[PDB]
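okay, structure incoming, though there's no sequence with it:
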Ligand SMILES: Cc1cc2nc3c(=O)[nH]c(=O)nc-3n(C[C@H](O)[C@H](O)[C@H](O)COP(=O)(O)OP(=O)(O)OC[C@H]3O[C@@H](n4cnc5c(N)ncnc54)[C@H](O)[C@@H]3O)c2cc1C
Ligand SMILES: Cc1cc2nc3c(=O)[nH]c(=O)nc-3n(C[C@H](O)[C@H](O)[C@H](O)COP(=O)(O)OP(=O)(O)OC[C@H]3O[C@@H](n4cnc5c(N)ncnc54)[C@H](O)[C@@H]3O)c2cc1C
Ligand SMILES: Cc1cc2nc3c(=O)[nH]c(=O)nc-3n(C[C@H](O)[C@H](O)[C@H](O)COP(=O)(O)OP(=O)(O)OC[C@H]3O[C@@H](n4cnc5c(N)ncnc54)[C@H](O)[C@@H]3O)c2cc1C
């Protein structure tokens, strides 16, 4: 009963697309099991303002990500590098996966991030068509309400970019080699050409723009809707309430509220998978040809290990009765970003400061994401690729936001009350984040929301009684995240001083200065950078360098004092992935090593995170997997003018 | 397949006692459920000192209650009173349940709690026999190693109590009505017998002692061992490897790797239970007579909601098929305590302060804490019952530990070194916490670590359009935790200010100061308390009092800033319970209201949180359930000299 | 009752390997009797620091070798050549034999020690594969923390070795003939090639190195474990708590806490062996084809 040539686990960001383009482009019987259910008529999801809690009950006013009925609750172990706290990250449960609860921003990643870090047969020129297909299928829209702050910021970054171009340094964070001598920045003219950060040819690596492309749409009424995988690939036009396909998709048979705990094996090939229905009773599903797993970043290692594939020593220590294959790499090598935050306050006359921040309110067409640029490398960064003098990378993503987005305790401590209406927010984050972790299960019975999740982000360095030059490379490798965070702070400071001069030039007689990071510290950091140079981070370890000069010890105190911001004055970005990268757990065909008929086709099978937000990465993976499993480039050849018909239901 | 006359859910503290004492007096089939595995040869759990991290790997040094392979990770919903933090409370996963991961501390809770806060048939004069049986079964041992600060604290508190009892105040925190106006402090003379806090007749409610009691056990070699509930009642001296007992224990069988799904009903009566093993095969165990669900104060309500007992509307919306009985109050009123930490500094010459703080190291007979007393409510607290003037209660719990117990971020912000010996922690645990919460399920497919659990601790008040005379009771009732915490702060300050002169008299030429809570602020708190008398609490809200005196503004600011510390400079102890309290889901005979033959014997059935640790209360509930289901009072009159026996192998 | 084609006495350093590779590579019924029992979940054994007494009770702080519950107590006669004293030597009792209480160091022996002193059919070229099999099965690991003293010592021995080579004497203690004129000493360079004293071809007879190969391993947690015969050849994957093999090793039936005092004979062939169980009562074991004894040196 309930057989299937291809069995798909989870209707995540790639599961829905895989099921759709697999049922349509073939004639086999396909069955999909998803833990969540459709939310097509849920006002909290469809309305973009539901992210801010416009439909919450009065006595249960919690966020959608913190609701265990919408997402997995992945509580993590205490963090040695984050002052011994236990933050909780979530994965959206339901059709579309984590695209039901995100902030609806799309980035493609770039050209170099796929050209260098990815293995052969996987570069940008092979996934360009899949990326374009995904983007046109989503069909995003830019921001509609334009503000005066954005033009001033654009001209400021333009001035900084032209100064850096005239400088002659090898690489900086406003240098786009593929463009040329002309700075890669948008124009402040009201009739400027809208510059895109997702160009089809990948010519824009680091560049300043005016807006991103939200995953929203405007309806005939005037209401805005949320566009994501669920309402783009698996609407009512294809699957009914009985979970059956119609038309040429009749081979698909999707089952909702179905979580699968284990894949049954015959020793080296899969024969069936079992799930538990809403009755609380178990069920059996028989697999014919292959098994597809789309369980997301944090939870494909668990389903792989619990099913019998993984480190046999630790699995035996846990108590796994049935063992299949032994790799010491299952679940290791996952990556995630981190977003330090800064707050800038404007001082002046009330009218001028009220007019300066015009057109900033949270709107469904932007969700507060005005955005500035995807910045690159710092001039003082020690940890840079060897071939940096040949290509330009992506390291930072500068985005502007209204209000003061900071944890409440830090808001009270710093005094930045949201009642103040003369301040805004800009965020610089790291997309090539260094620190790494691991996931291990604790019980081989059922997939639980809390496995052993060790993630230490900003660790320190303990000097030893060894020669300094012998140990310095180790310290440089270890202290990368703090270096990146402080370089981001310096970049924000340069952008801010350019903002001040440009705003004074543009007729607004106001001044913008940093207040949140205790500007004394930031100004001292800038002075120390200028007076020291490439060896600025040597004083991160005070007794190792042993300068013992008042300037040197004061800089050591400043560096130790400023390390608290990157650790506590931010919130962790939920872009985890790449826990089963190609070569570690799967080959270049996304098939498991040593196994015969199991395939994994989500973000968990990514070699390295992209140079941007990873919405399109998962779907793209699925798209590629569609033609890898079918055997012909059916999906990649389809013309650009073919999008699934969007049904609101 | 299996058959069982009486089924007990959860091999925990009360569950194991229930199972052993039920198979002891009869020969009917008994089945005990437990999903983990054996831990009889694990040094971390067998050795009592392994609780503090004796054998933890250096790379993964975490507490045993923070390890997913040892316990469930029941993260709760954000707390609106502490900047939205989500503390995580754990339930043990193994033989003995939560008795495998605790401190083994034994406290009864006095007699007034069961004199006024428990229903008829649950009074102290009826449960004292069960409490004594539990205490003599555990067989604790008193502390042996002695420091030289306990006598100083006892003498200072003796002076304070003498002054207070001679003052003639109506009620205070150092007066006991069951002994007399003579102060009840342990004599510092070396020829004084100790006054235990667990007297069989409950003579002492507020009592000053020297140490606590702990459920460790002694070996022939000299090594100390842990004899937990699953080790005292379910060890190999009574039950074999396979499960079949011999002789009078032949009616007991324990299952392994069994995690339940739901109890199948036949309309109103329990007919069977089910669970899933490692392989993933469900086994139907039919129940003949009764089902006792005592799987914990966090997951018994969960399995009851899956059973179909709770809110019909919510269960129907979520997707629960079978509805058995509707009870809106199921899993409501969850109760737990709270404890803020503080740091005291010692001043003087290094040698004298070093010898002053000597012999203060954790061992299997102190568990780090020294312990002083358990005081009552203060002289200015407006939150008291009517019976306060006729009988004393147990409101606060004071302990002293070595080192510093304080969050690492708080350590950095306060700038107090952990390596320094001269700082010790003076914590005032509150055992009469005001607020309560409830529990709901998220997804009816499989058991999950994180259900919906709500708990708000520091709910602040906001002015509303109403006269102050008709508003003040609301502010009084809303702000109870803050008043209790600040009065505890004042109690600790008084204790230390007396202990200064007491230590000066004792010989040590030292001075002790209250550093971490900003002694300036605590001194201001004491001065304002003494100045404003019974009307001080009106100043928490500055707009309502309507006094524009600069001293009033200063006092209001001092009250406001001092509220920050209890949110972050504290920790929420894992003594949660009272979710299915007597009179809401169960009645005096523990039969669940609505069903036929179902009973709850966990800690969630407590009618009120006792003034202390909660293992003894749960063991008492299980012991009472033994005789309630047996029908004859065998355990109520069992001789004290008849005790179980333990076997290591 | 309790018959067996091959009867093995004691699960010593060779008994466990013999039982494993005999039950797996044949189809006869094999039964093993061992005086000790498994210590797979004993922190004193698994933890390498248990050798220094990190888990001893306060009132019984004695070494693991001096504990009669872990090893035989072979007290010796007074020594005329050692000033009339009676030192006591021990043999580890249990799975793996004396490998439960040793200091976890592995040496192969060399080429000449087997080439000269051993009889025909037993030289190094006949036992090379067995030695390599044993070494790869144990899979030892070198030292991880390097010290400054070792480099200074290495260069000192290098200077002494080159002086002795230039001397021209017949044989000395830094002269490796199989190497040549270049001294057989490791290099003090931080990026030196790790020289091995257990080379597969036996080219290193006398040579200076940087570390041996401990019988330990590093776990995913970070904890170190003791690697020896018991946890290398007779784990839970092959024998259960009932002492029965599983899979292709089902012919094996091991009995723990079984000491055999005598082998019964029919005049020139063995017919059975008898042991005493933990009850303190005797038992009879019948031998079918041969008897194997692995009771150790003493
Ligand atoms: C607050 C927030 C904001 C974000 N903003 C952005 C943004 O602006 N831009 C961006 O690019 N990304 C953003 N993200 C991240 C983005 O939502 C996802 O990380 C991205 O879709 C990649 O993850 P995924 O979809 O592959 O994982 P998912 O597909 O979401 O992984 C979980 C899925 O697997 C299924 N599943 C898992 N285990 C099982 C099982 N055992 N049985 C059955 N089904 C199972 C679940 O049902 C679910 O469908 C944001 C995330 C969060 C939390
Ligand atoms: C960290 C910590 C410290 C503590 N310290 C103290 C102290 O110092 N003093 C004190 O008096 N008390 C202390 N306690 C409390 C003590 O543990 C009490 O026993 C507790 O309050 C009540 O335990 P219980 O009997 O309800 O446990 P139970 O809930 O009965 O034990 C849990 C059992 O239920 C089983 N189980 C749960 N869910 C399922 C399922 N779905 N399927 C199958 N089996 C299941 C588990 O396997 C386990 O065997 C502490 C508790 C904790 C967590
Ligand atoms: C402190 C110490 C450190 C050491 N360090 C090293 C080192 O670094 N390197 C190294 O190579 N060696 C070392 N050794 C020596 C090594 O442990 C052994 O000598 C080596 O394993 C060779 O002995 P064996 O294993 O064959 O003897 P064993 O096999 O240990 O001999 C005793 C075995 O025979 C069994 N047995 C004996 N009589 C009976 C009987 N009547 N009935 C049943 N069973 C019986 C016992 O149960 C036990 O299994 C060390 C020894 C000690 C004591």
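Happy to help now that I have it. Numbers count the residues shown, from 1 in each chain, chains lettered A, B, ... in the order given. Ligands and ions are numbered 1, 2, ... in the order given.

residue boundaries of the strands in the stretch 401-550 of chain A?
Listed in chain order, the strands of the stretch 401-550 of chain A (DSSP state E, counting those that start in this stretch) span residues A:423-427, A:437-440, A:452-455, A:511-514.

chain C contacts on the stretch 251-400 of chain A?
Within the stretch 251-400 of chain A, the positions lying close to chain C (C-beta under 8 Å from any C-beta of the partner chain) are A:311, A:313, A:314, A:316. The C-beta positions use only the backbone N, C-alpha and C, and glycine is treated the same way.

rerun that using 7 Å as the cut-off
Residues of the stretch 251-400 of chain A found near chain C (C-beta under 7 Å from any C-beta of the partner chain) are residue A:314.

now the helices for the stretch 251-400 of chain A?
All helices of the stretch 251-400 of chain A, identified by DSSP state H, counting those that start in this stretch, fall at A:300-306, A:312-318, A:350-356.

got a list of contacts for the first one?
The reference is to helix A:300-306. By C-beta atoms under 7 Å, 6 or more residues apart in numbering or on different chains, the surrounding residues in contact with helix A:300-306 are A:261-262, A:293, A:295, A:310, A:315, A:330-331, A:439, A:441, A:444, A:447, A:451, A:579-580, A:600, A:602, A:604.

cutoff 6 Å now
Residues outside helix A:300-306 that contact it (C-beta atoms under 6 Å, 6 or more residues apart in numbering or on different chains): A:293, A:295, A:330-331, A:439, A:441, A:444, A:447, A:451, A:579-580, A:600, A:604.

domain ranges for chain A?
For chain A, the domain assignment from curated CATH domains gives the residue ranges A:1-142+A:213-336+A:433-455+A:574-649, A:143-212+A:337-432+A:456-573.

nearest to ligand 2, of these?
Of all the domains of chain A, the one in closest proximity to ligand 2, counting by C-beta to the nearest ligand atom, is domain A:1-142+A:213-336+A:433-455+A:574-649 (9.6 Å).

would you tell me whether that closest one gets close to ligand 2?
No. Judged by C-beta under 6 Å from any ligand atom, domain A:1-142+A:213-336+A:433-455+A:574-649 makes no contact with ligand 2; its nearest approach is 9.6 Å.

just the terminal-to-terminal distance for that domain.
Chord length of domain A:1-142+A:213-336+A:433-455+A:574-649, first to last residue, is 31 Å (C-alpha to C-alpha, to the nearest Å).

for residue A:294, what are its contacts?
When contacts are taken as C-beta under 6 Å, 6+ apart, residue A:294 is in contact with A:9, A:10, A:12, A:14, A:15, A:602.

tell me which residues of the biggest strand by length in chain A are tucked away?
Selection of the longest strand in chain A by residue count, based on DSSP state E, yields strand A:282-293. For strand A:282-293, a neighbour-count test (16 or more other C-beta atoms under 10 Å in any protein chain shown) marks A:282, A:283, A:285, A:287, A:288, A:290, A:291, A:292, A:293 as buried.

that older thread, nearest to residue B:505, of the domains of chain A?
Closest to residue B:505 of the domains of chain A, according to C-beta to C-beta: domain A:1-142+A:213-336+A:433-455+A:574-649, at 40.4 Å.

quick check: phi and psi on the residue most central in space within chain A?
Taking C-alpha atoms, centre = their mean as the criterion, residue A:575 is the residue nearest the geometric centre of chain A, at 3.3 Å. The phi and psi torsions at residue A:575 (degrees, to the nearest 10) take the values phi -120, psi 40.

could you measure it against residue C:90, distance?
Taken as C-beta to C-beta, to the nearest Å, the spacing of residue A:575 relative to residue C:90 amounts to 59 Å.

please apply the same query to residue A:41.
Summarising the geometry, the distance separating residue A:41 from residue C:90, computed by C-beta to C-beta, is 78 Å.

what do you get for residue A:483?
As for residue A:483, its distance to residue C:90 is 56 Å (criterion: C-beta to C-beta).

now residue A:578
53 Å.

by how many degrees do the longest strand of chain A and strand B:282-293 diverge?
120 degrees (axes from the mean of the first three to the mean of the last three C-alpha atoms, to 10 degrees).

does strand A:282-293 come close to ligand 1?
No. When contact is scored as C-beta under 6 Å from any ligand atom, no part of strand A:282-293 falls within range of ligand 1; the minimum is 8.6 Å.

can you list contacts of stretch A:119-132?
Stretch A:119-132 is contacted by residues A:108, A:111, A:114, A:115, A:200, A:202, A:582, A:588, A:620, A:623, A:624, A:636 when judged by C-beta under 6 Å, 6+ apart.

could you dump those to CSV with secondary structure?
Conversion of those to CSV gives the following (DSSP: H, G, I helix; E, B strand; the rest coil):
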residue, secondary structure
A:108, coil
A:111, coil
A:114, helix
A:115, helix
A:200, coil
A:202, coil
A:582, strand
A:588, coil
A:620, helix
A:623, helix
A:624, helix
A:636, helix
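
if any of these are buried, put those into a ChimeraX selection.
Selection of buried members from those for ChimeraX, criterion 16+ other C-beta under 10 Å:
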select /A:108,111,114,202,582,620,623,624,636
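
nearest to chain C among the contacts of stretch A:119-132?
Distance ranking of the contacts of stretch A:119-132 against chain C, using C-beta to the nearest C-beta, places residue A:582 first at 22.7 Å.

ok, what's across the strand from that closest one?
Note on residue A:582: beta-bridge partners by DSSP bridges are residue A:586.

got a list of what it touches?
By C-beta under 6 Å, 6+ apart, the contact set of residue A:582 is A:119, A:588, A:607.

relative to ligand 3, how far out is it?
44 Å (C-beta to the nearest ligand atom, to the nearest Å).

briefly note if stretch A:427-442 comes near chain B.
Yes. Part of stretch A:427-442 sits near chain B under the criterion C-beta under 6 Å from any C-beta of the partner chain, namely residue A:442.

flag every buried residue along that stretch.
So stretch A:427-442, judged by 16+ other C-beta under 10 Å, has buried residues A:427-435, A:437, A:439-442.

okay, those residues in TSV with distance to ligand 1 next?
Putting the buried residues of stretch A:427-442 into TSV (distance: C-beta to the nearest ligand atom, whole Å) gives the following:
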residue	distance to ligand 1
A:427	12
A:428	15
A:429	11
A:430	15
A:431	11
A:432	16
A:433	14
A:434	20
A:435	18
A:437	16
A:439	13
A:440	17
A:441	12
A:442	16
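
show me the two of those residues that sit farthest apart.
Longest distance between any two of those is 36.6 Å, between A:428 and A:442; criterion C-beta to C-beta.

ok, back up a step: list buried residues within the contacts of helix A:300-306.
Buried positions within the contacts of helix A:300-306, assessed by neighbour count (16+ other C-beta under 10 Å), are A:293, A:295, A:330-331, A:439, A:441, A:444, A:447, A:451, A:579-580, A:600, A:604.
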